[PDB]
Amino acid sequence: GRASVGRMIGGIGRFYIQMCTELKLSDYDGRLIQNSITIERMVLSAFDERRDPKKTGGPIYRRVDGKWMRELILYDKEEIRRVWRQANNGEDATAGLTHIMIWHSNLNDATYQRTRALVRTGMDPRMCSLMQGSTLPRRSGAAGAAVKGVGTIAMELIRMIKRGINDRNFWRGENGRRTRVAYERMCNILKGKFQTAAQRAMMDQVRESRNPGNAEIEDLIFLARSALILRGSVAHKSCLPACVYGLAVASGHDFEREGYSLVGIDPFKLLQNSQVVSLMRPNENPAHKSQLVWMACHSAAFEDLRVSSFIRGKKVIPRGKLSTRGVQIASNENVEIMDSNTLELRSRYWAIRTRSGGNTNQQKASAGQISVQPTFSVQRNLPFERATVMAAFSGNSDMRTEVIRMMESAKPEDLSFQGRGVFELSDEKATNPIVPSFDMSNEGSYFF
């Protein structure tokens, strides 16, 4: 794992140094995130083939006297893949391209609330904590599928069921059996992410359906809803802009020899030593730009703010409370009268990125005791699960009711990832897990 990832990370690095010299960019000027994004955007566009002539464009930026200057550079599509293959020791190296895709996906999740897409699908605009990887290209996604969220996969299934209801010739013919394969594979992606048997058993009904319609759509919404409590398995990968990888190899960092893990310490080690610059719009807070980029780098868009705070060693505050817009600068903007700052992407601690959605004791949540019946005449309180006994949803479809029953048993105060904690940046071996304790003065847990 560590060697193959190292090769991949190094490939993007070598590609970034090369492209910078190919665009004649300064050492300092090749450290801007907007430039990094443009180069990242081009490498992805050149390897599309599934979608202006046969060239890819984008805006490149460089410091003149003091103020930054914008010039839209364009290059031949084949020259870009030639530069990518050369940098990746003569190979196609698509796993490197997906890494660039995931970084963009994580950046979008920290920046834009997908509420407009939620209500337009006929879903709850409060399901955005399930929407990781919604802007992922769908193309090149075996590990892209793992990064995708329960809500995301559900939304894309509903889009299919909507399209298959407005036009009859969707499930019939040549492409009819073909689109069935794409539908059935995606259902098993969603079935995969669910941690309870009842959720999977309900997902089997949705999959094994002759011409699915309105009923299946409702089931998906229901399941998506239950994933706010009985959470699904989503993979998280710390994916950084290519400028960080380029500068590292420019410093003589042998990723193949040293080793790299997307879920381990390595991205933190790189970010602690990083020097990333971002353009600043008139009246934007650099302390806030940092947070946005930091959250995206570690895929912490929908993570508990309290936990992100404690790891960062700095207050991670809600998106609505941030004096900043997007990272990318649009065309109509005047990049002339704009200052810039070094982004603050360091952390106090590091932590292992998780593939899990949390601990769900399945049997206890369905049939276990929730109250006691007193036997002896002794002075004491009489334990019962207040919230769970109060709930009457399951009484008001058999697997549906088992899912509800488990949701009623669950409590926000319940604990997950026991014994596992954060580590110091000097604790490379991760022998000393620090169990986090949170601040009392609180900004909340939700970023949106």
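Don't overthink the numbering: it's just position in the shown sequence, from 1.
According to the record, the deposited sequence contains 4 to 9 residues between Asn396 and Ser397 that were left without coordinates. For the pair 222-230 and 157-165, the record assigns the higher mean C-alpha temperature factor to 157-165.
Remark: stretch with higher mean C-alpha B factor among 383-391 and 58-66 is 58-66. Taking the PDB entry at face value, the top CA B factor among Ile352, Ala87, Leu270, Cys128 belongs to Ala87. Across the residues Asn432, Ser437, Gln18, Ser426, the deposited record lists the maximum Cα B factor for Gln18. Split the chain's modelled residues into thirds by C-alpha temperature factor. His288 is in the middle one. Per-chain ranking of the deposited C-alpha B factor places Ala250 in the middle third. Among all modelled residues in this chain, the alpha-carbon of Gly149 has a temperature factor (C-alpha) in the middle third. Sort the modelled residues of the chain by CA B factor and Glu174 lands in the highest third. Among all modelled residues in this chain, the alpha-carbon of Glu402 has a temperature factor (C-alpha) in the middle third.
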